[PDB]
Structure formats: C-alpha cells, structure tokens
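# Structural description and commentary
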Number of protein chains: 2
Amino acid sequence: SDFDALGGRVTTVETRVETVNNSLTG
Amino acid sequence: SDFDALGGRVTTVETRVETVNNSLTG
C-alpha cells in the first residue's frame, strides 16, 4: 500500500544510525 | 492495518537517534 515511504524512512534511519555512530566514534 | 503502531515506533526511533546524537555530541 502506502508503507513504501515507511520502508524508505526505515532505510534512512538505518543509515543515519551508522553515520552517527561512526562520526561519534571518530 | 495494525502497522500504525509500527509507524509510531519508527517515529520514536527517528527522534531517539537524533536525541542520542545530540547528547553525545554535546
């Protein structure tokens, strides 16, 4: 249905968590 | 269907990632 945008948001958050972790670890 | 709660959880995670990033950056 319309939860394709939900999947996109989930992917964005998945990448954002890793980005935050990597920047803070650096 | 019942994935409204899943959307709410996704929103909570979206806010939580930013909160963690901001606290740790501070």
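Structure determination for this entry is recorded as cryo-EM, at 2.54 Å resolution.

## Some details on the interface of chain B and chain A
Counting residues at the interface gives twelve residues for chain B, matched by ten residues for chain A. Of the roughly 900 Å² buried at the junction of chain B and chain A (both faces included), carbon and sulfur atoms supply 70%. Across the contact surface, chain B and chain A share one salt bridge. A salt bridge links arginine 16 of chain A to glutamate 18 of chain B; its shortest N-O distance comes to 2.8 Å. At the boundary of chain B with chain A, the tally comes to one residue pair in polar contact. Across the side of chain B that touches chain A, the residue classes break down as six nonpolar, four polar and two charged.

## Quick word on the relation of the copies chain B and chain A
Rotating chain B by 120° and moving it 0.0 Å along the rotation axis overlays it on chain A with an RMSD of 0.1 Å. On the angle and the small slide along the axis, the relation comes out as a three-fold axis. Relative to the rotation axis, the closest C-alpha in chain B is found at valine 17 of chain B, a distance of 3.7 Å.

## Some points on helix α1 (residues 4–25) of chain A
The end-to-end C-alpha distance of α1 of chain A, which contains 22 residues, comes to 32 Å, matching closely the 32 Å that a straight helix rising 1.5 Å per residue would cover. Those residues of α1 of chain A that sit buried are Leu6, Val13 and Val20 of chain A. All buried residues of α1 of chain A fall inside an arc of 40° around its axis, so they share one side. Facing away from the buried surface of α1 of chain A by more than 90 degrees, the exposed residues are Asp4, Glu14, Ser23 and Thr25 of chain A. Tucked into the core, α1 of chain A has its buried residues touching α1 (4–25) of chain B.

Reading guide: rules and limits
Residues numbered from 1 in each chain as written, not as in the entry; some residues may be left out. Chains lettered and ligands numbered in written order. Part of a larger assembly, values for the part shown. Heavy atoms only, no water. Contact = heavy atoms within 4.5 Å. Buried area = accessible area lost by both parts, 1.4 Å probe. Salt bridge = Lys/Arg side-chain N within 4 Å of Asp/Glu carboxyl O. Polar contact = N/O pair within 3.5 Å; in protein donor to acceptor, adjacent residues only side chain to side chain. Nonpolar A, V, L, I, M, F, W, Y, C, P; charged D, E, K, R; others polar. Least-squares fit on C-alpha atoms. Helix = DSSP H or I, 4+ residues; strand = E, 2+ residues; numbered from the N terminus. Expected span 1.5 Å × (residues − 1). Buried < 20%, exposed > 50% of the residue type's maximum accessible area, 1.4 Å probe, protein only. Arc of directions from axis to C-beta.

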